[PDB]
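Residue numbers (full-length UniProt numbering), protein chains in the order written: chain G, 2 to 208; chain U, 2 to 43, 49 to 174; chain R, 2 to 142; chain F, 1 to 38. Just so it is clear, CB atoms sit at the ideal spot from N, CA and C, and this is done for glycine as well. Okay, so here's the structure we're looking at.
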Amino acid sequence: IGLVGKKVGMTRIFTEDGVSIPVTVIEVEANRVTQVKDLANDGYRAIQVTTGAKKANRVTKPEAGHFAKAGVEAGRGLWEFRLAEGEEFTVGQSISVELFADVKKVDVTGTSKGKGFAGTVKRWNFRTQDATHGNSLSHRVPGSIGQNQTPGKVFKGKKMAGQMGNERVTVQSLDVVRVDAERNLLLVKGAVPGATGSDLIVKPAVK
Amino acid sequence: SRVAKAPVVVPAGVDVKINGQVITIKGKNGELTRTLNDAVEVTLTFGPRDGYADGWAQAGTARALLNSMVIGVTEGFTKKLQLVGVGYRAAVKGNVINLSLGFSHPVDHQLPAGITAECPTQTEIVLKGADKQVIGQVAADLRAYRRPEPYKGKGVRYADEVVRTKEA
Amino acid sequence: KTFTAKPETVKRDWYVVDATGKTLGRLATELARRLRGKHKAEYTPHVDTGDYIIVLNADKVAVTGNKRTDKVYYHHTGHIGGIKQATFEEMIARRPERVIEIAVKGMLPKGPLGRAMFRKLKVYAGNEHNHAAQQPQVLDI
Amino acid sequence: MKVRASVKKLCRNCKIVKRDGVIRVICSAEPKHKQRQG
RNA sequence: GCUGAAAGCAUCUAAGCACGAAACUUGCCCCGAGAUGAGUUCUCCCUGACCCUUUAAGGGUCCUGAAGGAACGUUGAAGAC
RNA sequence: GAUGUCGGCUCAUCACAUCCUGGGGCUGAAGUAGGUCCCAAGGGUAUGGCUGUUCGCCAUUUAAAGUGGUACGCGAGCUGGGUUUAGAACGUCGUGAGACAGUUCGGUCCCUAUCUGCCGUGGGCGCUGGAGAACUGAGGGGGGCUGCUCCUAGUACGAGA
RNA sequence: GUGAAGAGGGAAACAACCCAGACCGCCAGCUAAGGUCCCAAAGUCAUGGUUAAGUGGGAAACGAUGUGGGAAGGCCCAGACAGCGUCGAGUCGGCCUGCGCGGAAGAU
Ligand SMILES: [K+]
Ligand SMILES: [K+]
Ligand SMILES: [K+]
Ligand SMILES: [K+]
Ligand SMILES: [K+]
Ligand SMILES: [K+]
Ligand SMILES: [K+]
Ligand SMILES: [K+]
Ligand SMILES: [K+]
Ligand SMILES: [K+]
Ligand SMILES: [Mg+2]
Ligand SMILES: [Mg+2]
Ligand SMILES: [Mg+2]
Ligand SMILES: [Mg+2]
Ligand SMILES: [Mg+2]
Ligand SMILES: [Mg+2]
Ligand SMILES: [Mg+2]
Ligand SMILES: [Mg+2]
Ligand SMILES: [Mg+2]
Ligand SMILES: [Mg+2]
Ligand SMILES: [Mg+2]
Ligand SMILES: [Mg+2]
Ligand SMILES: [Mg+2]
Ligand SMILES: [Mg+2]
Ligand SMILES: [Mg+2]
Ligand SMILES: [Mg+2]
Ligand SMILES: [Mg+2]
Ligand SMILES: [Mg+2]
Ligand SMILES: [Mg+2]
Ligand SMILES: [Mg+2]
Ligand SMILES: [Mg+2]
Ligand SMILES: [Mg+2]
Ligand SMILES: [Mg+2]
Ligand SMILES: [Mg+2]
Ligand SMILES: [Mg+2]
Ligand SMILES: [Mg+2]
Ligand SMILES: [Mg+2]
Ligand SMILES: [Mg+2]
Ligand SMILES: [Mg+2]
Ligand SMILES: [Mg+2]
Ligand SMILES: [Mg+2]
Ligand SMILES: [Mg+2]
Ligand SMILES: [Mg+2]
Ligand SMILES: [Zn+2]
Numbered sequence: 002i003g004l005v006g007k008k009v010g011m012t013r014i015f016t017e018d019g020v021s022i023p024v025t026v027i028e029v030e031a032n033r034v035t036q037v038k039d040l041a042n043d044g045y046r047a048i049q050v051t052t053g054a055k056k057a058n059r060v061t062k063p064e065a066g067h068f069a070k071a072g073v074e075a076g077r078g079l080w081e082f083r084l085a086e087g088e089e090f091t092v093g094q095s096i097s098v099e100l101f102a103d104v105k106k107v108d109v110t111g112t113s114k115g116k117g118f119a120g121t122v123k124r125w126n127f128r129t130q131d132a133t134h135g136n137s138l139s140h141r142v143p144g145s146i147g148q149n150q151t152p153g154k155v156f157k158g159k160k161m162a163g164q165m166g167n168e169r170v171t172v173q174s175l176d177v178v179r180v181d182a183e184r185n186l187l188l189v190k191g192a193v194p195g196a197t198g199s200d201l202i203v204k205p206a207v208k
Numbered sequence: 002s003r004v005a006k007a008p009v010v011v012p013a014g015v016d017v018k019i020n021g022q023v024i025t026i027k028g029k030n031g032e033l034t035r036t037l038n039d040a041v042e043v049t050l051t052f053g054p055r056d057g058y059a060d061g062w063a064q065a066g067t068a069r070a071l072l073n074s075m076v077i078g079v080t081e082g083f084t085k086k087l088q089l090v091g092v093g094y095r096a097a098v099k100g101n102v103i104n105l106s107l108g109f110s111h112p113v114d115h116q117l118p119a120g121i122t123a124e125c126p127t128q129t130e131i132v133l134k135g136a137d138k139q140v141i142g143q144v145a146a147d148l149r150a151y152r153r154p155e156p157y158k159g160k161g162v163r164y165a166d167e168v169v170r171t172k173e174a
Numbered sequence: 002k003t004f005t006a007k008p009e010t011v012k013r014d015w016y017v018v019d020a021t022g023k024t025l026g027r028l029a030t031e032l033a034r035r036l037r038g039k040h041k042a043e044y045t046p047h048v049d050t051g052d053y054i055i056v057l058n059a060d061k062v063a064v065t066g067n068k069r070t071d072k073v074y075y076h077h078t079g080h081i082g083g084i085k086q087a088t089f090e091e092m093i094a095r096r097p098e099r100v101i102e103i104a105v106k107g108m109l110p111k112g113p114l115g116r117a118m119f120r121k122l123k124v125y126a127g128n129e130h131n132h133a134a135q136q137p138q139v140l141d142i
Numbered sequence: 001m002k003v004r005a006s007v008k009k010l011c012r013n014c015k016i017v018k019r020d021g022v023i024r025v026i027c028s029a030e031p032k033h034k035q036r037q038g
């Protein structure tokens with residue numbers, strides 16, 4: 002399984018031998034098990050977890066009854082982790098960042114920063130046409146988008162301008178630099194998706 | 002046809018069991034089972055069933071296979087391999103053959119159920135088993151690690167085989 | 002005037018068929034016939050007069066020749082270069098119900114009514130169905 | 001392997017064999033005589 | 001390649017068995033139930049009266065207005081809207 | 001009662017008769033490195049000098065600098081050097097006006113996208129009481145390149161190299 | 001000869017090919033070419049053969065113990081054909097012909 006955390010920000014760890022390690026600081030508070038899915042009832046094995054806190058006025062009655070059945074306080078959302086055949090968990094169990102004590106590498110999933118409507122230069126690394134030499138109104142424009150009468154259409158998946166970022170991204174195989182159970186912190190080497198304050202899903206590295 | 006006509010003489014201390022198509026020959030070396038082709042009509051005697059155009063061809067193979075099964079569960083089959091090469095070595099440890107064949111890594115060949123191996127010398131392997139197909143396959147697999155080289159004849163050879171060398 | 006069946010007074014019965022060992026296409030023509038209602042005297046081209054048919058053991062349907070390995074199912078994803086294929090044996094392994102469903106679909110009329118006719122076919126990979134409440138009669142195709 | 005439209009015995013030790021719908025020449029004596037029709 | 005007849009031999013093949021590549025199916029990442037074949041699981045909410053009439057998944061009247069939603073406002077590392 | 005025509009730029013997409021990388025048979029294959037044929041389309045597959053050039057030659061890279069189809073892909077996407085308007089001149093032909101599958105200098109490239117398509121992003125209704133969530137995964141897409149050095153080992157191979 | 005100046009049915013679609021020449025109406029019947037497992041009207045028709053290649057449902061010289069049929073040969077129980085230092089009946093390879101196989105690489 003993995004845990005849900007929050008991107009606190011980036012800093013560095015100086016080592017004794019004079020290496021500066023860039024780190025993302027992930028706050029991993031206790032993940033509380035809200036539901037256990039099994040083959041009989043649900044058709045697959047998983048835990049649902051919550052973390053953090055939510056204002057009682059913002060917790061709806063359907064949300065509140067779901068937490069109340071688990072016997073846990075409401076957190077800021079619900080996330081599932083699939084269980085391997087060995088793994089087993091109880092409803093209401095707390096899972097801390099100590100899970101990662103002996104984990105060397107993690108995959109971190111988050112929502113990437115939102116670039117809004119992006120051109121082909123930014124979105125797809127298209128090359129600009131001439132700034133000068135007679136270019137008429139066609140500096141950052143995409144150029145040709147197809148052939149001619151054959152095929153007489155644009156193909157699906159054609160790289161064009163549009164929404165960029167604000168989507169789920171996983172960065173794989175990041176070194177775990179420190180697990181600080183006391184302060185509820187995981188330090189991973191290098192950058193992870195999303196803005197400061199955003200939710201992160203951290204799992205032991207699949208590769 | 003000619004092969005299919007010839008009857009397989011069942012010796013003493015072998016209990017044949019025709020379960021229709023599934024024939025199971027239990028002897029002193031061990032037991033061997035073989036389901037046959039539908040065209041065959043299995049002393050032991052083999053012949054074609056009606057409405058199969060390749061009945062005699064299928065009868066001849068079935069005869070040949072059960073002949074080998076009878077030899078298998080009585081006396082059994084042996085296949086010898088020789089190693090030719092500076093530093094080429096073999097050694098059995100239970101049911102795994104460890105081979106040194108001039109590679110940077112070890113070569114450990116796990117034997118299947120039935121087959122047993124003995125190294126009388128370090129450059130000889132001697133396989134033994136009831137099933138003629140399986141002992142053939144293991145010997146081919148061991149040979150495949152380092153097939154006889156055409157210049158100096160180096161590699162895992164069968165003891166019988168002639169390696170036709172040539173010179174540069 | 003010649004009789005016409007009426008959608009709201011059509012009698013549709015439930016049947017269960019075992020596909021085990023049956024030749025795919027020779028099974029499919031009989032399913033298509035009965036889903037369309039061509040076996041009924043009240044057959045009307047613009048009305049679904051056919052029957053509900055459960056097919057069991059779709060994974061044990063038979064084909065002749067070398068079709069188990071050599072019969073290829075093609076589809077295109079709509080993305081350029083997106084021509085995909087699966088052999089009969091691959092289809093049976095992954096999605097066995099689709100073999101019978103695809104065979105029958107190609108033998109049913111094209112258009113809204115043919116799609117409605119196909120909804121009456123219930124194909125299962127194994128020997129059990131969930132439709133005991135519909136009381137399906139055994140049908141030997 | 002020689003891949004040819006015309007495959008034939010090149011010596012006495014050559015044998016014609018059909019394998020998986022392909023005419024082949026296999027030779028016990030000479031590896032150069034190995035042929036596949038194609 | 002193994003075993004193996006047809007074809008007493010031989011034969012990788014006809015029956016049977018094994019190996020074999022960045023191609024194929026997976027494994028990795030993302031979308032994804034308008035998957036109309038519209039799936040599953042968990043939780044939450046509503047427990048009045050009455051009338052007429054081609055009498056049927058019929059149409060009103062009074063009372064009731066939940067869960068939740070939307071709207072509005074302050075806004076955002078979200079965003080052309 | 002007009003289907004814009006060379007080259008470049010931008011953006012491509014397919015074929016496989018494969019340039020590289022992968023697998024393999026034969027070799028007049030010792031090894032190293034090649035030759036030749038078979039399989040293989042996953043990904044990858046130069047920058048410059050000269051010329052309008054495509055190409056080509058040349059310099060220097062690279063694992064490689066593939067071959068073709070796509071209106072010799074792509075001007076309602078850009079350019080406008082070439083080329084085929086009007087000016088002018090040379091050579092040449094012609095008595096001349098003028099002319100040249102000769103050369104030379106100069107010389108206007110329009111369009112606010114309705115439909116299809118494509119990239120994004122909402123609204124509606126549906127999914128059978130209504131509602132808030134978490135999902136399963138049919139199906140679809142992305143990705144898939146490779147150098148050099150060291151060890152194995154100066155080992156196998158080789159008379160050495 | 002047809003189209004042009006000709007509709008209808010067949011050949012998926014297809015002026016010019018095949019069948020056939022539309023005066024109007026019919027919710028009658030018989031046929032033509034072409035068809036009769038489902039899309040889609042009518043044989044999952046009957047009898048005897050062939051093919052195993054999805055050949056049928058592209059492609060030649062040429063290549064091959066694929067497989068069916070036919071006529072005639074050589075050798076052979078004085079023992080043939082591989083074993084022929086062997087035992088116990090077929091064996092060899094031309095000819096003709098039916099149907100298949102390889103030869104067979106292309107761009108949404
Ligand atoms: K749904
Ligand atoms: K191209
Ligand atoms: K080679
Ligand atoms: K490729
Ligand atoms: K142009
Ligand atoms: K245009
Ligand atoms: K323009
Ligand atoms: K249109
Ligand atoms: K006429
Ligand atoms: K075909
Ligand atoms: Mg933004
Ligand atoms: Mg540029
Ligand atoms: Mg302008
Ligand atoms: Mg400008
Ligand atoms: Mg089109
Ligand atoms: Mg139709
Ligand atoms: Mg093969
Ligand atoms: Mg043999
Ligand atoms: Mg690679
Ligand atoms: Mg016009
Ligand atoms: Mg090729
Ligand atoms: Mg590709
Ligand atoms: Mg492909
Ligand atoms: Mg792959
Ligand atoms: Mg150049
Ligand atoms: Mg062009
Ligand atoms: Mg091109
Ligand atoms: Mg254009
Ligand atoms: Mg110009
Ligand atoms: Mg002039
Ligand atoms: Mg323009
Ligand atoms: Mg995929
Ligand atoms: Mg893809
Ligand atoms: Mg005229
Ligand atoms: Mg006509
Ligand atoms: Mg007509
Ligand atoms: Mg027609
Ligand atoms: Mg009639
Ligand atoms: Mg007729
Ligand atoms: Mg019919
Ligand atoms: Mg019949
Ligand atoms: Mg064909
Ligand atoms: Mg041919
Ligand atoms: Zn030869």
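Practice task
Mind reading off the beta-carbon distance from residue 143 (chain G) to residue 172 (chain G)? Whole number of angstroms is fine, and I expect it under 8 angstroms.
Solution key: Counting from 1 along the first sequence, the entry for residue 143 (chain G) is found at position 142. Counting from 1 along the first sequence, the entry for residue 172 (chain G) is found at position 171. The C-beta separation of residue 143 (chain G) from residue 172 (chain G) comes to about 29 angstroms, leaving the pair out of contact by the 8 angstroms criterion.
Exercise for the section: Sort U:14, U:9 and U:118 by Cα distance to residue 65 (chain U) and report the nearest one. Expected result: Looking up residue 65 (chain U) in the second sequence gives position 59. Out of U:14, U:9 and U:118, U:9 has the C-alpha closest to the C-alpha of residue 65 (chain U).
Problem - Those residues which DSSP pairs with residue 32 (chain U) across a bridge - result: Reading the second sequence from its first residue, position 31 is the one you call residue 32 (chain U). Paired residue(s): U:27.
Practice task
May I have the straight-line CA-CA distance separating residue 101 (chain G) from residue 53 (chain G), to the nearest angstrom?
Solution key: Along the first sequence, read from residue 1 onward, the residue named residue 101 (chain G) stands at position 100. Along the first sequence, read from residue 1 onward, the residue named residue 53 (chain G) stands at position 52. Each residue's CA atom was taken as its position, placing residue 101 (chain G) and residue 53 (chain G) some 19 angstroms apart.
Exercise for the section: Please compile the residues from chain R whose C-beta is within a distance smaller than 7 angstroms of the C-beta of residue 157 (chain G). Expected result: In the first sequence, counting from the first residue as 1, residue 157 (chain G) sits at position 156. Result: 79, 80 and 81.
Exercise for the section: Kindly examine ligand 11 and report whether one of its heavy atoms sits closer than 7 angstroms to the Cβ of residue 53 (chain G). Expected result: Residue numbering aside, residue 53 (chain G) sits at position 52 when the first sequence is read from its first letter. Remark: the C-beta of residue 53 (chain G) is outside contact range of ligand 11, defined as less than 7 angstroms to any heavy atom.
Exercise for the section: For the beta strand (DSSP E) holding residue 173 (chain G), just list the boundary residues, first then last. Expected result: Numbered from 1 along the first sequence, position 172 holds the residue referred to as residue 173 (chain G). Note, residue 173 (chain G): beta strand (DSSP E), 169-181.
Practice task
Measure how close the beta-carbons of residue 49 (chain G) and residue 35 (chain G) come, nearest whole angstrom, since I'm counting them as under 8 angstroms.
Solution key: As a working mapping, residue 49 (chain G) is identified with position 48 in the first sequence. As a working mapping, residue 35 (chain G) is identified with position 34 in the first sequence. Right, their Cβ atoms sit about 5 angstroms apart.
Practice task
Pull up the distance between the alpha-carbon of residue 42 (chain G) and that of residue 91 (chain G), whole angstroms please.
Solution key: Numbered from 1 along the first sequence, position 41 holds the residue referred to as residue 42 (chain G). Numbered from 1 along the first sequence, position 90 holds the residue referred to as residue 91 (chain G). Rounded to whole angstroms, residue 42 (chain G) to residue 91 (chain G) spans 15 angstroms at the Cα level.
Exercise for the section: Taking only heavy atoms of ligand 17 into account, decide whether any of them is closer than 7 angstroms to the Cβ of residue 71 (chain R). Expected result: Residue mapping note: residue 71 (chain R) aligns to position 70 of the third sequence, counting from 1. Checking the Cβ of residue 71 (chain R) against ligand 17 gives no.
Exercise for the section: Taking only the alpha-carbon atoms, compute the straight-line gap between residue 15 (chain U) and residue 92 (chain R) and give it to the nearest angstrom. Expected result: The count along the second sequence starts at 1 and reaches residue 15 (chain U) at position 14. The count along the third sequence starts at 1 and reaches residue 92 (chain R) at position 91. Computed Cα separation, rounded: 46 angstroms.
Handout entry: Cβ pair count under 8 angstroms reaching 3, the stretch 142-159 of chain U against the stretch 81-89 of chain U
Key = Of all C-beta pairs linking the stretch 142-159 of chain U to the stretch 81-89 of chain U, three or more are shorter than 8 angstroms, placing the two stretches in contact.
Handout entry: Helix, strand or coil at residue 115 (chain G) [DSSP, three-state]
Key = The residue you call residue 115 (chain G) lines up with position 114 of the first sequence. Residue 115 (chain G) falls in the strand class under three-state DSSP.
Handout entry: residue 116 (chain G): CB within 7 angstroms of a non-hydrogen atom of ligand 11
Key = Here residue 116 (chain G) refers to the residue found at position 115 of the first sequence. Within 7 angstroms of the C-beta of residue 116 (chain G) there is at least one heavy atom belonging to ligand 11.
Problem - CB contact flag (residue 121 (chain R), residue 26 (chain R), <8 angstroms) - result: If you number the third sequence from 1, residue 121 (chain R) lands on position 120. If you number the third sequence from 1, residue 26 (chain R) lands on position 25. For residue 121 (chain R) and residue 26 (chain R), no; Cβs fall outside 8 angstroms.
Handout entry: Contact under 8 angstroms by Cβ, residue 203 (chain G) with residue 3 (chain G)
Key = Counting from one through the first sequence, the residue named residue 203 (chain G) turns up at place 202. Counting from one through the first sequence, the residue named residue 3 (chain G) turns up at place 2. Yes, the pair counts as a contact, with Cβ atoms nearer than the cut-off.
Exercise for the section: State the DSSP-derived secondary structure class of residue 35 (chain F), mapped to helix, strand or coil. Expected result: Walking along the fourth sequence from the start, residue 35 (chain F) turns up at place 35. The answer is strand: DSSP assigns residue 35 (chain F) an E or B state.
Handout entry: residue 190 (chain G) to residue 121 (chain U) span [Cα, whole Å]
Key = The residue given as residue 190 (chain G) occupies position 189 in the first sequence. The residue given as residue 121 (chain U) occupies position 115 in the second sequence. Those two C-alpha atoms are separated by around 53 angstroms.
Exercise for the section: Would you mind reading off the limits of the beta strand (DSSP E) that contains residue 94 (chain U)? Expected result: Residue numbering aside, residue 94 (chain U) sits at position 88 when the second sequence is read from its first letter. Segment: none, residue 94 (chain U) is in no beta strand (DSSP E) and carries neither H nor E.
Handout entry: For residue 58 (chain U), the three-state DSSP class (helix, strand or coil)
Key = As a working mapping, residue 58 (chain U) is identified with position 52 in the second sequence. Residue 58 (chain U): coil per DSSP, three-state reduction.
Practice task
Note down, in chain order, each residue of its chain lying with its Cβ closer than 7 angstroms to the Cβ of residue 33 (chain F), except the 5 sequence neighbours on either side.
Solution key: Locating residue 33 (chain F) in the fourth sequence gives position 33, counting from the first residue. Counting only residues of its own chain and dropping the five nearest sequence neighbours on each side, residue 33 (chain F) has a CB closer than 7 angstroms to the CB of 10, 11, 14, 25 and 27.
Practice task
Give the secondary structure of residue 149 (chain G) by DSSP, where H, G and I count as helix, E and B as strand, and everything else as coil.
Solution key: Along the first sequence, read from residue 1 onward, the residue named residue 149 (chain G) stands at position 148. Strand, per DSSP.
Practice task
Kindly indicate which residue of U:50, U:77, U:76 and U:41 has the alpha-carbon position closest to the one of residue 63 (chain U).
Solution key: Taking the first residue of the second sequence as position 1, residue 63 (chain U) is located at position 57. Among U:50, U:77, U:76 and U:41, the Cα nearest to that of residue 63 (chain U) belongs to U:41.
Exercise for the section: Please work out which residues of its chain come closer than 7 angstroms, Cβ to Cβ, to residue 29 (chain F), disregarding the five sequence neighbours upstream and downstream, and give them in chain order. Expected result: Counting from 1 along the fourth sequence, the entry for residue 29 (chain F) is found at position 29. Non-local beta-carbon contacts of residue 29 (chain F) in its own chain, meaning distances under 7 angstroms to residues more than five positions away in sequence, involve 11 and 13 in chain order.
Practice task
Check the DSSP bridge columns for residue 200 (chain G) and list the partner residues they point to.
Solution key: As a working mapping, residue 200 (chain G) is identified with position 199 in the first sequence. Beta-bridge pairing links residue 200 (chain G) to G:7.
Practice task
Write down the C-beta distance between residue 188 (chain G) and residue 26 (chain G) rounded to the nearest angstrom, noting that I regard them as a contact closer than 8 angstroms.
Solution key: To locate residue 188 (chain G), count along the first sequence from 1; it is residue 187. To locate residue 26 (chain G), count along the first sequence from 1; it is residue 25. Right, their Cβ atoms sit about 6 angstroms apart.
Exercise for the section: Give a yes or no on whether the C-beta atoms belonging to residue 149 (chain G) and residue 112 (chain G) are separated by under 8 angstroms. Expected result: Locating residue 149 (chain G) in the first sequence gives position 148, counting from the first residue. Locating residue 112 (chain G) in the first sequence gives position 111, counting from the first residue. It is not a contact, given that the beta carbons lie outside the stated cut-off.
Exercise for the section: Just tell me which of U:56, U:174 and U:79 has its CA closest to the CA of residue 158 (chain U). Expected result: Taking the second sequence and counting its residues from 1, the one referred to as residue 158 (chain U) is at position 152. Answer by Cα proximity: U:174.
Handout entry: Closest residue to residue 118 (chain R) among R:133, R:126 and R:102 (Cα-Cα distance)
Key = For the purposes of this step, residue 118 (chain R) is taken as residue 117 along the third sequence, with counting starting at 1. Looking at the Cα atoms, R:102 is the closest of the given residues.
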